[PDB]
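Engineer: here is the input, now give the coordinates:
(one chain, ligands or ions: 7)
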Amino acid sequence: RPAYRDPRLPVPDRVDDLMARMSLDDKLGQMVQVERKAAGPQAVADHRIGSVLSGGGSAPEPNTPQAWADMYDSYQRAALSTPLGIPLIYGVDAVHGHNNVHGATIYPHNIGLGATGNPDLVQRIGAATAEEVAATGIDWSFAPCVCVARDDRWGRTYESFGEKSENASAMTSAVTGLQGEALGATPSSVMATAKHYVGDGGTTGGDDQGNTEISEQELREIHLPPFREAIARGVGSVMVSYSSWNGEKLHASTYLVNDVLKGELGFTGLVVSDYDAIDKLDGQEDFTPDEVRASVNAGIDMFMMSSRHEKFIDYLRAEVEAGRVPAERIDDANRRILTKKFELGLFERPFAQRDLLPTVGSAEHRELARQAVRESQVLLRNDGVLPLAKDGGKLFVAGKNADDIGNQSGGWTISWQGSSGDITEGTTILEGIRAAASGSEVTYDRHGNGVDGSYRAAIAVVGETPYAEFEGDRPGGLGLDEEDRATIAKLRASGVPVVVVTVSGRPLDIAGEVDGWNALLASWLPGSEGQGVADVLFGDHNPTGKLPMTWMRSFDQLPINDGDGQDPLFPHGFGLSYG
Ligand SMILES: OC[C@@H](O)[C@@H](O)[C@H](O)[C@@H](O)CO
Ligand SMILES: [Mg+2]
Ligand SMILES: [Mg+2]
Ligand SMILES: [Mg+2]
Ligand SMILES: [Mg+2]
Ligand SMILES: [Mg+2]
Ligand SMILES: [Mg+2]
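Structural biologist: Numbers count the residues shown, from 1 in each chain. Ligands and ions are numbered 1, 2, ... in the order given. The protein structure is shown below:
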């Protein structure tokens, strides 16, 4: 009988009726998103908490798609038992597939997706990702990063679709895939998150969580446009950045968050903080009442925290009681959060859609991922060695990234940082090479040992190991490590033609060596379907990818970006094909 329980009522009328019935404590609870390790289902319900997230690597046991759905439903049952029965919204980083879930499809990271120049493909990946997430019940992915990465030293360069605002703006089609045209319209609708607002790709030195020291014009012309496009597509959520703009923390920027994002850009959705982001406002651990006040009054609606939910609620209650946070600010945050819960259909269909569990890691989704692997490959040098024949002559394969699911997936794969090894279901690049050259003997040695002049070609799959966020900052350099250079030198010493394949999250500093390589193929972080690399190597896919970042002649040029007058090794948009 309460109007908010009427599923035929317009959403704003349902929101009005529910909020009319809420105590201040109910409203404070809705503004909390707590990490699952800090609060089980009962505690989430006891505090009337609005949201739970899994941080990177935060899986139930066992890590299976069914166990995630069970975990989600367990939290939801408790939330539904409260006096108002406001359903929980659950968030997760599903940033290249449902990447915390073992056996989920792992798509190329954003930088390779930007290299495809194919927004329709990115949209299809958003839709397939949303299906695999909705199978586990989770309602909300912290994706896409619409960050415009301007300094390759940044540990999140690979989460960026490219260095040009055009790149990221075009790829906000990921939002349309994840959400559908209308949030909640289909059962696999999953709320998307434009992140991180704003300027995370512009920090000085590419330092993660750093300071973006640029004019308002530069901020608006380079970093803002992808947010505008995501909003035009109906993005349900925007996540604020840890970084600063001209020394002002984004999480305290009333101007950028309230005045520009909510006001000028007219964003009507849910503004969420980054993880324990208010804690970092004063540079000291934990959050103070001052940090709560500053960030709530900046206009943020929901606060993502690793623990201390009861302390957050107590602090915010006191701020509201004292009038330092106006009552309308709490109501604005609740109207935005509850609206998305109603739009997502959570008051009608709160539980995991287990009919979708068979799609998780399904062949059709892996075929889509393989197509993204193919199109993300960027051919940068080729003297004729590529494409390799399927003629039967012996091939040699080497490199620490040749036969490693985890290395080819990079960060945010099962764990937060990612890791090396066979960490989820997929096909390695070496396995794709063996299958492409199905009539050929294929010798593999990580370090190139055993290669000789009897081989018709040697393939060295080198580059980075997995990282995420600040752990991936590289102020010290981006050259190949000593193993990669030793292995390539061993292969070149055989006199055999050498194909170098970079598995990396960004351009690497290779200008001093590249002239010795018969071919160079940039593969980025292709994900679980490594066979798409062999598709290009053997000419099944004539390379179509183009560089989404300008490729340095020297580490000393960073930051290097299209139009800055510097002379690059390869310019933005560069990519060879077979001719
Ligand atoms: O892109 C930011 C991401 O959403 C982050 O907030 C994660 O949720 C957290 O780091 C998980 O450990
Ligand atoms: Mg599907
Ligand atoms: Mg759901
Ligand atoms: Mg750093
Ligand atoms: Mg603090
Ligand atoms: Mg495998
Ligand atoms: Mg650049």
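
Engineer: would you mind confirming that residue 294 is in contact with residue 252?
Structural biologist: Yes: using C-beta atoms under 8 Å, residue 294 makes contact with residue 252 at a distance of 4.4 Å. C-beta coordinates here come from the backbone N, C-alpha and C atoms, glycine included.

Engineer: any common contacting residues for those two?
Structural biologist: Here residue 294 and residue 252 have residue 281 as joint contacts, going by C-beta atoms under 8 Å, 6 or more residues apart in numbering.

Engineer: any idea how this protein splits into domains?
Structural biologist: Domain assignment of the chain by curated CATH domains yields the ranges 1-361, 362-579.

Engineer: can you show me the helices along the stretch 451-579 of the chain?
Structural biologist: Using DSSP state H, counting those that start in this stretch, the helices of the stretch 451-579 of the chain run over 482-492, 531-537.

Engineer: what are the buried residues along stretch 168-186?
Structural biologist: 168-180, 183-184, 186 (16 or more other C-beta atoms under 10 Å).

Engineer: also stretch 552-564?
Structural biologist: Under the neighbour-count criterion of 16+ other C-beta under 10 Å, stretch 552-564 has 552, 553, 555, 557, 558, 559, 560, 561, 562 buried.

Engineer: quick one: is it near ligand 7?
Structural biologist: Yes: using C-beta under 5 Å from the ion, stretch 552-564 comes into contact with ligand 7 via residue 561.

Engineer: how close does the nearest residue to residue 5 once chain neighbours are set aside get to residue 47?
Structural biologist: Excluding the flanking residues, the one nearest residue 5 by C-beta to C-beta, 6 or more residues apart in numbering is residue 347, at 7.4 Å. Residue 347 is 20 Å from residue 47, where distance means C-beta to C-beta, to the nearest Å.

Engineer: do residue 87 as well
Structural biologist: Here the distance between residue 87 and residue 47 works out to 15 Å (C-beta to C-beta).

Engineer: just flag the most distant two among the buried residues of stretch 552-564.
Structural biologist: 555 and 562 (18.1 Å; C-beta to C-beta).

Engineer: now for the closest residue to ligand 7 within the chain, how many residues are close by?
Structural biologist: Minimum separation of the chain from ligand 7 (C-beta to the ion) falls at residue 163, amounting to 3.6 Å. Neighbour count for residue 163, taken as other C-beta atoms under 10 Å: 28.

Engineer: residues from the stretch 51-200 of the chain in reach of ligand 7?
Structural biologist: Residues of the stretch 51-200 of the chain lying near ligand 7 (C-beta under 5 Å from the ion): residue 163.

Engineer: can you list the residues of the stretch 51-200 of the chain near ligand 1?
Structural biologist: For the stretch 51-200 of the chain, the residues found near ligand 1 under the criterion C-beta under 6 Å from any ligand atom are 55, 56, 93, 142, 195.

Engineer: ok, and the most crowded of these?
Structural biologist: Neighbour-wise, those (other C-beta under 10 Å) top out at residue 195, 26 neighbours.

Engineer: could you look up the SS state of that residue?
Structural biologist: strand (DSSP: H, G, I helix; E, B strand; the rest coil).

Engineer: that older thread, looking at residue 87 and residue 47, which is more packed in?
Structural biologist: residue 87 (22 against 19).
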